[PDB]
Amino acid sequence: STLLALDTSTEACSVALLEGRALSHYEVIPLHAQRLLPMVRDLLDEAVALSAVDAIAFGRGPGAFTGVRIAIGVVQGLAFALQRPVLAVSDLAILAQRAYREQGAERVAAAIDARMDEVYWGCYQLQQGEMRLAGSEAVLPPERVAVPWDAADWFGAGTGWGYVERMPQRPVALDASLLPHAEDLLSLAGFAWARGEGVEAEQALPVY
Amino acid sequence: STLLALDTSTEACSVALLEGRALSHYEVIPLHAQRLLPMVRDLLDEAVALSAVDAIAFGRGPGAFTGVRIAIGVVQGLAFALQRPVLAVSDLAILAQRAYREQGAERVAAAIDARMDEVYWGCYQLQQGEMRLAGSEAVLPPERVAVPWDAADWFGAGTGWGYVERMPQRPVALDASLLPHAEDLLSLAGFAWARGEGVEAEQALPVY
Amino acid sequence: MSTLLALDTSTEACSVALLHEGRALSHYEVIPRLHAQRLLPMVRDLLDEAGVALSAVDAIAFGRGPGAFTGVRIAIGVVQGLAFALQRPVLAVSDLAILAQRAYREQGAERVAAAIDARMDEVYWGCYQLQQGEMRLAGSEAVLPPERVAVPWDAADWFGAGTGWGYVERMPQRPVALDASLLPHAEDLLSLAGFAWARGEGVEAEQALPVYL
Amino acid sequence: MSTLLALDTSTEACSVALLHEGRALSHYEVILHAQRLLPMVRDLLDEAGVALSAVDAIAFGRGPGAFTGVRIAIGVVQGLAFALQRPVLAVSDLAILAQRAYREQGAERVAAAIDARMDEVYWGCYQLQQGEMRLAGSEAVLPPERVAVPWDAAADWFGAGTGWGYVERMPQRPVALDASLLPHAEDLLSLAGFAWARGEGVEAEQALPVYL
Amino acid sequence: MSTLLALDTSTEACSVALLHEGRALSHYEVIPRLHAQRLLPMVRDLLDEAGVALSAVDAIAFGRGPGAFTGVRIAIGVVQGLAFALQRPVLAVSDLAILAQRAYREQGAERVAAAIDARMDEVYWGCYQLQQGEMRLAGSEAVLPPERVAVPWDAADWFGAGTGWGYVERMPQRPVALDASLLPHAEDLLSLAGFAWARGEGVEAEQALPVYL
Amino acid sequence: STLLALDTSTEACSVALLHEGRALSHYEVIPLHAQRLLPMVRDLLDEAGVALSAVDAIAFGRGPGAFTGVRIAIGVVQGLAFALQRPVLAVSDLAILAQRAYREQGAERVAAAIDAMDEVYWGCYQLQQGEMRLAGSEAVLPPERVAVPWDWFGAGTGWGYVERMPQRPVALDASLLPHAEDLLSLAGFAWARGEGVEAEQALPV
Ligand code: NA
Ligand code: NA
Ligand code: NA
């Protein structure tokens with residue numbers, strides 16, 4: 001199947017696509033309503049028809065309030081006119097999958113920086129090929145943050161780890177600069193698409 | 001020509017369409033990423049094919065920072081997949097055209113409420129069939145606001161007129177509750193489309 | 001003529017009111033967040049005392065917020081349920097507006113800056129001005145730190161209404177007069193609902209929704 | 001042979017234009033210029049298949065107009081010009097309007113007005129002299145009530161620019177006017193042609209905005 | 001080895017610096033907003049004094065903001081122009097970071113909360129922590145009223161750097177030590193640019209852009 | 001260090017001198033600066049028994065304030081310094097107000113304001129070791145938008161537009177203008193820190 005993947009939930013702007021081949025475009029600059037569409041076009045041509053796309057995946061957040069919503073609106077529009085379904089994926093999960101692909105982390109406590117001196121928090125454990133949510137995602141002060149494993153070896157991924165000193169527990173290793181990447185969204189979309197998780201364009205929405 | 005018109009720049013959510021017939025759907029509720037797409041579908045069917053649409057018009061703002069951007073992203077997506085051009089129209093202008101259609105105002109000082117104790121300000125004068133910007137749009141404190149006519153009879157339209165008491169001049173009549181309406185955007189789009197003002201989906205952007 | 005039901009649970013106050021044959025009746029109690037426990041019993045008691053059947057109700061007004069997240073949503077649910085089952089319209093009205101209209105009933109203020117305490121050290125804020133009996137909004141409603149707050153008037157006498165005014169010392173302007181204990185009251189929601197019902201502003205139960213600021 | 005590159009971002013218009021081997025090319029888009037100006041410059045040199053090394057002078061709109069927009073153009077021009085070791089040609093945006101209005105409507109006497117901040121207009125009057133719109137008097141920033149032409153009460157003249165949205169507060173008005181004209185780099189380039197011919201070019205460091 | 005040019009005009013300070021053959025040279029002047037008037041002459045003088053050709057420059061670093069709206073954008077323009085004409089990459093670096101790295105050079109602080117005065121009674125804010133020679137950002141940068149400001153540390157010694165700290169009395173935390181006069185300095189931009197150039201973070205001139213917060 | 005200080009920023013015209021650690025000042029309100037400044041310099045110089053060649057540096061109010069008066073004091077200063085081959089010290093008029101209001105009314109913190117068309121010049125200063133130092137940044141703003149960085153005084157012509165500030169102060173002087181003696185004070189601080197520059201670079205805000 002051919003799948004398209006967009007993410008504008010952070011500073012990062014990223015798009016990716018899966019005939020059987022898989023390609024990725026990733027640019028860090030804070031604007032998203034400007035560079036998104038071009039990145040789409042650049043990728044479709046340097047690889048493929050748009051009406052050939054079977055489903056579109058997106059970061060649903062959490063992240064930037066406006067950022068996530070720009071991607072949603074684009075995806076909402078693209079998918080409606082194409083009449084194809086969409087694939088809602090968490091940005092904390094994408095971070096999880098990224099820290100897997102990049103550093104081989106099988107247990108990832110993902111944390112993205114939030115407003116009002118808080119962090120978005122989500123813990124992910126590798127099951128089969130995929131990072132999968134352990135418990136639930138939350139918006140917490142860094143001092144209230146907690147993991148669902150015993151402390152085992154686990155990894156901290158994302159900007160929320162700037163607040164590590166204020167947290168009650170720290171992993172062996174961590175990357176405070178990781179951001180959701182469209183490649184990883186695409187991996188996660190594979191699992192979701194194969195499980196028939198797609199939904200109609202309207203139901204594409206950000207998380208609360 | 002067949003034209004589609006969306007606006008989510010304020011509390012108001014509105015969509016409109018022009019074969020030769022003209023229809024409008026208008027709902028006031030603060031959410032926009034939920035009700036927009038449905039309103040599109042409801043209108044296309046209760047009147048017409050989506051791939052028959054020749055151009056799409058939108059409120060470019062000013063207004064709600066996120067609100068305008070949701071409409072943009074939708075329009076950006078719709079238009080790209082359809083491969084049709086778009087029609088950028090100011091929300092202050094739509095207010096102008098609304099106050100014309102509704103109360104017969106040929107000179108309209110449009111004012112939309114803005115952040116940080118300011119108003120978005122734009123003055124419009126009826127030329128031929130259309131309200132047209134007199135000077136330029138700005139973001140001002142209400143005490144610095146000014147009109148480009150002599151004080152003649154002119155109208156105040158929009159939420160910025162809550163601050164009327166703080167302004168240095170007041171019109172004969174005003175409506176502090178007017179909001180941009182997709183019908184009026186569609187009128188304004190007629191003039192813009194007939195003048196060949198359309199642009200490629202990417203260039204669809206909010207005003208600063 | 002019109003029979004209207006009004007419910008509010010947006011703050012510490014739980015209140016309900018009924019317009020029937022030009023007469024208005026109200027029950028108002030302050031509890032903290034036992035609202036789910038007490039909102040229906042109150043509707044029941046009010047209808048019972050008035051001798052009015054629920055089927056007689058033409059529209060249900062509710063406080064739409066802002067205020068407590070769970071509080072507001074309890075009102076929303078009950079109202080949704082009632083109006084869907086009856087197949088009647090609902091009227092959404094702001095709690096800041098309700099504050100404004102109450103300050104006008106109790107203290108005679110015609111120019112009110114309604115403020116409600118909010119989470120995370122902000123306050124909800126909306127300024128209202130009397131027009132033909134109805135306190136109508138001037139500008140927009142917002143959630144702001146009390147420092148960034150501002151009125152749309154110039155020399156004008158105005159009133160500070162609501163528990164947001166507990167932050168008055170942290171706020172730029174102080175009004176001539178103020179009341180920081182004041183809560184939305186369903187009797188005043190009923191007045192505002194009347195004006196809205198006259199303009200036919202009612203919606204279907206599915207659209208009985210809280211505001212986001 | 002003189003090759004001239006021309007940039008303008010003084011108003012909501014963003015335009016570039018090139019003069020090479022007696023040919024004039026130009027792009028124009030109405031929409032944050034810092035994102036757009038340089039890409040436009042690239043696309044243009046490409047479309048004409050010319051290299052930046054060939055360019056002999058860089059012309060720019062020196063204002064009046066948007067405070068930051070003018071400065072974005074001045075900054076790019078300064079930077080291009082310094083690295084390239086080329087001179088720069090400062091041209092008024094009121095003049096460019098006048099030159100555009102002449103090209104587009106044959107007006108030989110143009111009162112250019114650009115809407116300015118704080119309820120004023122930028123005002124300058126121009127008249128054709130050997131194919132170049134030349135300033136008659138001074139440029140000013142004025143309330144529209146205090147605006148005046150240097151000509152006798154209607155030969156006819158023309159009102160050009162967004163300052164003309166204030167026509168009703170002005171003490172006189174022309175027979176014809178276009179309150180929607182904006183500077184266009186094609187006209188900047190015509191004007192640049194004249195200034196280059198009189199050796200008006202200056203060092204990159206001196207590319208600066210005007211204050212009125 | 002690498003020859004790098006660094007320009008900053010984001011605040012009242014106009015500065016420029018050059019890395020050439022391991023040696024670093026700088027010019028720094030405080031003027032108010034005559035930047036367009038003085039930025040190129042400064043580049044010229046610096047190159048002249050160093051005896052370095054502009055063609056020798058491998059990359060141009062710039063302060064990307066936050067700071068003055070027009071100030072920042074003047075730097076952007078000049079840099080865009082220079083790098084496009086030369087066909088060399090640019091390196092965008094935060095002015096809060098520059099502040100942080102300067103406080104580390106001058107006062108030896110390893111934990112800095114950089115704050116810059118901003119329009120409309122807010123301040124720009126970003127907290128930085130030394131890592132292998134480089135002050136690296138901890139969390140995110142923001143524009144906040146000085147009341148809502150907060151650090152990502154616990155017991156830890158930290159430094160307040162920049163003119164945002166003119167609002168220290170209105171701010172929740174006060175650090176052990178502070179400097180509210182401190183401005184971004186191009187010498188320190190040059191250090192940060194080095195780390196970025198080592199990781200190959202350079203972009204094309206068309207992407208030399210200011211930040212939005 | 002012998003320091004000469006000049007101000008014509010506003011309507012008031014003033015000059016001051018620091019010789020042999022003694023500080024002397026002449027102040028005169030006159031709406032005429034291109035006419036009375038140099039006489040004042042010569043008179044003050046006579047009265048101190050000092051020759052202009054003695055002077056090590058020249059301080060001046062760089063603005064903001066009346067555009068004409070500022071531009072003349074700047075010009076005079078540049079001329080004096082070029083010819084004597086002496087460094088110059090640019091000091092804000094808002095800082096000068098804040099230093100005056102300290103010296104005169106005891107104010108440990110001041111919010112200086114000077115009327116400009118509609119807007120007013122704004123700057124807030126705090127005392128730090130006898131010197132009124134700037135808090136945030138100086139700004140030009142409309143009276144309503146004006147903020148504060150915090151028992152605090154309000155100084156300058158711009159405090160005549162007091163209503164809807166939004167904040168009103170403890171006490172205030174709306175007719176307070178810059179004074180050379182307080183420019184002198186501030187200059188001594190600047191001098192001692194090596195803040196001098198070339199005549200070429202004396203310039204307004
Ligand atoms: Na609160
Ligand atoms: Na104007
Ligand atoms: Na500030």
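Every chain is numbered from 1 and lettered A, B, ... according to where its sequence line falls, protein lines coming before strand lines. Ligands are counted one by one from 1 in listed order, and the atoms in each one are counted from 1 as well.
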* To do: Please check if atom CZ in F69(C) has more than 12 non-hydrogen atoms from other residues, nucleotides or ligands closer than 6.0 Å.
  => no
* Flag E122(C) as yes if one of its N/O/S atoms falls below 3.0 Å of the Na ion (ligand 1), otherwise no. => yes
* Measuring to the Na ion (ligand 2), does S136(B) have an N/O/S atom at a distance below 3.0 Å? -> no
* Residues two or more places apart in sequence or in another chain: which of them pass salt bridge (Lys or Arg N to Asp or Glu O under 4.0 Å) with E144(F)? -> none
* Of all N/O/S atoms in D117(E), which lies nearest to the Na ion (ligand 3)? -> OD1
* Asked: Got an N, O or S from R119(C) under 3.0 Å of the Na ion (ligand 1)?
  -> no
* Roughly, to 10 degrees, what angle do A116(D) atom O and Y166(D) atom OH form around the Na ion (ligand 2)? -> 180°
* Are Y124(C) and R119(C) linked by a side-chain donor-acceptor pair shorter than 3.5 Å? -> yes
* Asked: Does CZ belonging to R173(D) count more than 12 external heavy atoms closer than 6.0 Å?
  -> yes
* Does any N, O or S atom of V123(E), backbone or side chain, fall under 3.0 Å from the Na ion (ligand 3)? -> no
* Indicate whether any N or O donor in one side chain lies under 3.5 Å from an N or O acceptor in the other, for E138(F) and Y125(F). => yes
